[PDB]
Structure formats: structure tokens, C-alpha cells
Amino acid sequence: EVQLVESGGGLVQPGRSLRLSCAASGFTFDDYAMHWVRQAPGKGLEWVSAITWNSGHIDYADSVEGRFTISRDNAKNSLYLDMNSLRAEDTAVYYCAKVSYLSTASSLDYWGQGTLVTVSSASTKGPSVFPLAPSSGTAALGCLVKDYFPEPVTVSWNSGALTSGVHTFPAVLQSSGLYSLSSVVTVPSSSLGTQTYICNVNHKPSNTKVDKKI
Amino acid sequence: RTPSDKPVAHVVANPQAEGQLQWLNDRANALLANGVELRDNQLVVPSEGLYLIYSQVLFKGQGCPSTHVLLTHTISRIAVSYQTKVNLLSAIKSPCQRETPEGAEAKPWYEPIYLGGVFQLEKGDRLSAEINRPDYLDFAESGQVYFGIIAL
Amino acid sequence: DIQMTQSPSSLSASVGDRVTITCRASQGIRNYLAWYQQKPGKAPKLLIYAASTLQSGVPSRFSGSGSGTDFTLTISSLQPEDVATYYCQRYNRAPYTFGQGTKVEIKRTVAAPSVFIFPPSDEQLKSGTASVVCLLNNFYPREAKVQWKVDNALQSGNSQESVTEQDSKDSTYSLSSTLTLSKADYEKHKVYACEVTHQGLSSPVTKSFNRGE
């Protein structure tokens, strides 16, 4: 069905630049205007730009015009956003949205999952993954994900085979300027000699996967 | 901008001008040259001559309400001798026929209107492109509403 | 120009209670207004467009209304999964600006947290940093007060909370205080406890552990 797969995000030195991508599928891409909408962390939603089906008209925000450039390959069913001269205010999760009916002036009927763009002169750090192992009715265990930059990491459990009782917590920025997470699961005080748990962590910025036992 | 000494104007609507049809000259592929001027929102003729005059307007809405609203678009001549005004070109349009989808669901409707024709005009005649319901205009995209003339 | 202004900014309500969110435009927009639901971290979903038309596949407890400047999103019977932030949007006419947003949260009865403490792992100790982790789990209401003690001496300075969003089935939260000292400071101490006061608790609950069990 309708899918809007974003890519292109990541860390970037201020002043440099980035080309976000959005690959569409499940609908005749050629018949719809598209939108970019960003969302700065903790802040609300903010329209960024739009482009008609045949690329003949383009709108940007009382906030960019000169820096960003929305574009569109219909053969490849893709939407692009080239961002230039980036500052921290551009740091945000960027969504592509398919319009509801043809024109740019139509409701955003389907959104991609986002792609985060972090503007910083820092540098990526893969995370150190540690186990939160249970103590000596119901009991608890989890993965402590430590010392990473930038966001996000994603934690899965047994590669999906465990979704209930799972609590991946918001990331915390430490005095080190690095992040740390933990997800936790509550499991039967019994099914432990019989089962051993794995927390599948992805940090795409640092390009590191770490599966882990607890 | 631009060679050719034939008086011309292709003007375009102000989107950021709610509640009326305002013609902008200072944009895009908009024209206004060789003596033609845009003044009390009217195109002004610099010379006796034959002129092709055109305008297009694009109305829109979502769903249908009170049994009927009719859209119209006209080009008027107001004259330097005939200090009065007359339609050169007109057209009325009826979108959504009462329908009122009171079951549910409100769909996008769009209704464009094109006016074009050749007229003899006198120096200083003022051309006017008007609609009845400016609030039903689509201000969202480029080549959608406009008003032009050219001397032949 | 154009200001999309939704009131209120936040609201708590009871499951089953009917909820009302409003949107005022600084200039008329006919019915070119849509409502978007956004759950924590997820992509936003379209609920209503043209002020009143439910998107297909969207539960019918959701309703909208209004033309011109004042609009209203209504959830006739609030539900645990309806916990989200809702945004109105203008779509006439660019710029396609969104209201500031409205957070929606829930009733439920009080729920005491289940407290679990975790000692640092060895790979951690190997490294030179030690991290003790107190977990409060599935409590309600949101407000709790973790306390870290070492050898029954309060330890203020090296801890950090983080809280989940209101869960979409049980409507509870879960929280995690975290102690971090230099491995060296980890060893000037033997007994590590985290005390926890919540409203669903008659009295503060500690969960200690001796370093080296």
C-alpha cells in the first residue's frame, strides 16, 4: 500500500548541506503534489515546502526560500529536498507527505516515518550497550544503551518477537553531550530458565548494530 | 524586458490579498509594457487600436451548501468618451447543483472560466476584470488566474 | 501572515468523557482546514479534512465542524489509544501552517509503581564508569519522586530521570532515574539504594543492593 520511505538524514557541520530523499510506492506518484514538513525536537509541526505534480509551481516557508530546494523525479517516484547553509534551527525530523487530492492546497493524507537531521559540529559515537539484568510475582530486565551521538537509536527485542511490556525510554542528553537510553521488559518470573532475552539495537548514524543478551 | 513596441500586459492575481481580485504586474511571467498601465486595478489603453483581451479565473470549493451560488467573470470597458461601463466578455458558471452531500463527505470542486476576444479601444479606455465571489478563487498556484491584453 | 491558534494547549480527561479542541484562524479559510493526530515519536495521521469529513479508516467518535475562522475537533468518547497531540492545518493557499498543537491525556485510577533497581554490569565496571538504574514501572499519576541513597546517605548530583509517554492501553507511565559515578566513586561505597515516593504508595519504597552479590 501507500509507503513514503525517507532517507538522507544524519549529522552535518553547520554551513554544509544535505539531500533528503523520499521514495514513494503504492499510488500513482505522478498524480499528486508533495510536501515537506519538519518537526524540531519537542517543538511542534512546521510546514517547509511543497511541489505540484508536474513540478510547475513551488512554495517555501516565510523562513527559507533561499536555502532549500524541493524537487521531484517522477520516473523514480521520488521527492527530494536539498538543504543548504544549515543552522541549528533546521535541526528537526523531516516528513514527506502525500497530498489528498492533486493540488498543493490539499490535506496531507499520508506521511513518511520521518528522518532526523542533526546540525552540529560534534561527531558520531556508536553506543556502548550494557545489560540491565534482573535481581537475584513479576520481574524486570532490559538494555542500557550508553554514550551515543547523534539520535536516534532504535531498540527491538528478539527482533520483534517481543513487543509487550517493553518500554523504550526517551533519550537523555548527558553532561558529556552524549545520549543514553534504556528499554525495559517485564516478563514472567518463570519463563527465564526456559528463555534468554535479546535487545536488538540500531544506530544508523554510527553504522553499528549490537544484539545483546541479558 | 522587453523588445516589441506593441503595448502589452499579462497580469496575475495577488494571493496574499484576501477578499478581492488584485492584479499584480511585478512578478514572474507577468507583462506590462509599451504604455499600458495598471492603475485602479484596471488595465489602461495607451492608443486607439485593435486589442486582444483575455482573462482566466479559477474558482474552487469543498462540497456544496445553500442550494445555489453562481460564479461569474467579466471584462468591462469603461470609456473616456462613454464615461460609462459595458461588458465586452462575460460568463456565468454553476458548480455543485444544490447537492449538499448531507449524507457525508465533502469533495474538492474546481471551476475555471475563460474570456477572450478582440475589441477596438480608444486611448485612455480602462479595461476591468471582475468576479462576483473573490473568496471562491484559488490562490494556491501559478498560471491559474490572470488578465491580459495585446495591441494588434 | 495567518495565525492558527488552538485552545487548549493541554487537556486531561476521563476514558469515555467527550473531548473538545478548538482552532481559530486570523483570517477566514473557508473549510480548508484539516486535523492531524500525532502519537509520541510516530508520524502524524490525517483525521479530518474539509473541517468535517473523517478520513477513511478513522473511528467515528472523531468529528469536526466550522467554516471560516473557528473550528472544532471532537472526540465523543475518549479512549486509551486516543492519547496524542492534535494539530489543525490551513490548506488554501500557502503557507500551509499548523496550530501550535494540543496534548491529550487521560483519567485512570491511581497506580503504584513497581520499583526495580539494577546494579552496573561488569563490562561497565571494566570501562571505568558505573551506572545504577532504578526503574519505576506502570504507575499513575505522572508525578513521582525518586531518591538515591548511598550507605543511607542521600546522593544528590549524579542522577537523571526520563519518563515514557502515557501508555496507549493501560494509560500509565514508567520512569527511570539513573546514577552515574566514576568507577572510583562507585567503590567508596558499599550499599546502594533508591527510595521512591509515589501517591499510590502509602510510604516510600526503597530497593537496595550490596555491591558484590
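Residue numbers (the deposited numbering), protein chains in the order written: chain H, 1 to 136, 142 to 219; chain A, 6 to 157; chain L, 1 to 213.
From the three backbone atoms N, C-alpha and C, an ideal C-beta is built for every residue, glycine too.
So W28 of chain A and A18 of chain A are in contact, right, with Cβ under 8 Å, and what is the actual spacing, rounded? Approximately 7 Å separates the beta-carbon atoms of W28 of chain A and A18 of chain A; this is inside 8 Å, confirming the contact.
Measure the C-alpha to C-alpha separation of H189 of chain L and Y94 of chain H and round it to an integer number of angstroms. Cα to Cα, the separation comes out at about 47 Å.
Helix, strand or coil at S208 of chain L according to DSSP, with G and I counted as helix: In the displayed model, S208 of chain L falls within a strand according to three-state DSSP.
For a minimum of 3 consecutive residues, which ranges assigned as the beta strand (DSSP E) are wholly contained in the segment 7 to 64 of chain L? Counting only runs of at least 3 residues, the segment 7 to 64 of chain L fully encloses the following beta strand (DSSP E) elements, listed from N- to C-terminal order: 10 to 13, 19 to 25, 33 to 38 and 45 to 49.
What residues of chain A sit near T206 of chain L, judged by a beta carbon separation below 8 Å? Neighbours of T206 of chain L on chain A: none; closest Cβ ~58 Å, over 8 Å.
Let me check you understand the geometry: is the CB of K217 of chain H closer than 8 Å to at least one non-hydrogen atom of the ligand NAP? For the ligand NAP, the structure offers nothing, since it holds no ligand at all.
Cutting at 6 Å between CB atoms, please list the residues of its own chain near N74 of chain H, excluding the five before and the five after it. Excluding positions up to five away in sequence, the list reads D30.
For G112 of chain H, go through chain L and note every residue whose CB falls closer than 9 Å to its CB, in chain order. Under a criterion of Cβ atoms nearer than 9 Å, the residues of chain L adjacent to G112 of chain H are, in order, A43.
So which residues on chain H does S147 of chain A lean against when the C-beta distance must stay under 8 Å? Going along chain H in sequence order, the residues near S147 of chain A (Cβ under 8 Å) are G56 and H57.
Would you give the residue range spanned by the alpha helix (DSSP H) that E123 of chain L belongs to? Segment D122 to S127, the alpha helix (DSSP H) holding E123 of chain L.
Is the beta carbon of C69 of chain A less than 9 Å from the beta carbon of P117 of chain A? Remark: C-beta atoms of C69 of chain A and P117 of chain A do not approach each other more closely than 9 Å.
Answer yes or no: does any C-beta atom of chain H fall closer than 9 Å to that of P113 of chain A? Chain H contact via Cβ: present.
For the segment 156 to 179 of chain H, enumerate the residues whose C-beta is nearer than 7 Å to any C-beta of chain L, in chain order. So the list reads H172, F174, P175 and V177, given in the order they occur along the chain.
In chain order, which continuous runs of the beta strand (DSSP E) of length 3 or greater are located wholly inside the segment 48 to 133 of chain H? Given a length threshold of 3 residues, each whole run of the beta strand (DSSP E) inside the segment 48 to 133 of chain H is given here in chain order: 58 to 60, 68 to 73, 78 to 83, 92 to 99, 108 to 111, 116 to 119 and 128 to 132.
Could you check whether the Cβ of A92 of chain H sits closer than 9 Å to any Cβ belonging to chain L? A92 of chain H does not count as touching chain L.
Run through chain A and tell me which residues come within less than 8 Å of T104 of chain H, C-beta to C-beta. Result: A145 and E146.
Neighbouring residues, chain H, relative to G101 of chain L (Cβ below 8 Å): What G101 of chain L touches in chain H: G44 and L45.
Between the C-alpha atoms of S26 of chain L and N84 of chain H, what's the straight-line distance to the nearest angstrom? Those two C-alpha atoms are separated by around 32 Å.
Taking the beta carbon of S107 of chain H as the centre, do at least 16 other beta carbons fall within 10 Å, making it buried, or is it exposed? Label assigned to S107 of chain H: buried.
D130 of chain A: buried (16+ other C-beta within 10 angstroms of its C-beta) or exposed? Classification for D130 of chain A: buried.
Inter-residue Cα distance where the pair is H15 of chain A and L11 of chain H: Each residue's CA atom was taken as its position, placing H15 of chain A and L11 of chain H some 47 Å apart.
Hey, out of L:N137, L:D151, L:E213 and L:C23, whose CA is closest to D167 of chain L's CA? Closest option to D167 of chain L, Cα to Cα, is L:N137.
Within the same chain, show all residues whose beta-carbon is closer than 8 Å to that of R211 of chain L, passing over the 5 residues directly before and after it, in chain order. Excluding sequence neighbours, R211 of chain L sits near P119, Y186, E187, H189, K190, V191 and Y192.
Quick check on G68 of chain A - is its C-beta less than 9 Å from some C-beta in chain L? It does: the Cβ of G68 of chain A has a partner Cβ on chain L nearer than 9 Å.
Going by other Cβ atoms of all chains shown within 10 Å of its Cβ, with 16 needed for buried, is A33 of chain A buried or exposed? It counts as exposed.
Cβ of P141 of chain L less than 9 Å from any chain H Cβ? With 9 Å as the cut-off, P141 of chain L does not count as an interface residue toward chain H.
Are the C-beta atoms of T53 of chain L and some chain A residue less than 9 Å apart? Closer than 9 Å to some Cβ of chain A, the Cβ of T53 of chain L qualifies, so yes.
Say whether the segment 142 to 149 of chain A touches the segment 39 to 52 of chain A, bearing in mind that this needs 3 or more beta-carbon pairs closer than 8 Å, one atom from each stretch. Here the segment 142 to 149 of chain A does not lie against the segment 39 to 52 of chain A, with fewer than 3 beta-carbon pairs under 8 Å apart.
Against chain A, with Cβ distances strictly below 9 Å, would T52 of chain H count as a contact? Closer than 9 Å: yes.
So, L46 of chain L versus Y110 of chain H, is the Cβ gap smaller than 9 Å? Yes, the Cβ-Cβ distance between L46 of chain L and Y110 of chain H is below 9 Å.
Is there a Cβ from chain A that is less than 9 Å from the Cβ of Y173 of chain L? Using a Cβ-Cβ cut-off of 9 Å, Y173 of chain L does not count as an interface residue toward chain A, since no Cβ of chain A sits closer than that to its own.
Select from the segment 85 to 100 of chain L all residues with a C-beta closer than 7 Å to any C-beta belonging to chain A, and list them in chain order. Residues of the segment 85 to 100 of chain L that bring their beta carbon within less than 7 Å of a beta carbon in chain A comprise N92, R93 and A94, in sequence order.
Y32 of chain H CB to nearest chain C CB: under 9 Å? Here chain C cannot be found, since the structure's protein chains are H, A and L.
Per DSSP, what are the beta-bridge partners of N207 of chain H in this structure? For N207 of chain H, which the question treats as bridged, DSSP gives the partners H:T159 and H:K214.
Residue 214 of chain L: which of L:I29, L:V133, L:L125 and L:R108 sits nearest, CA to CA? What the structure shows of chain L is the stretch from 1 to 213, and residue 214 of chain L is not part of that stretch, so it cannot be assessed.
For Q21 of chain A and chain L, any beta-carbon pair shorter than 9 Å? Yes, contact with chain L.
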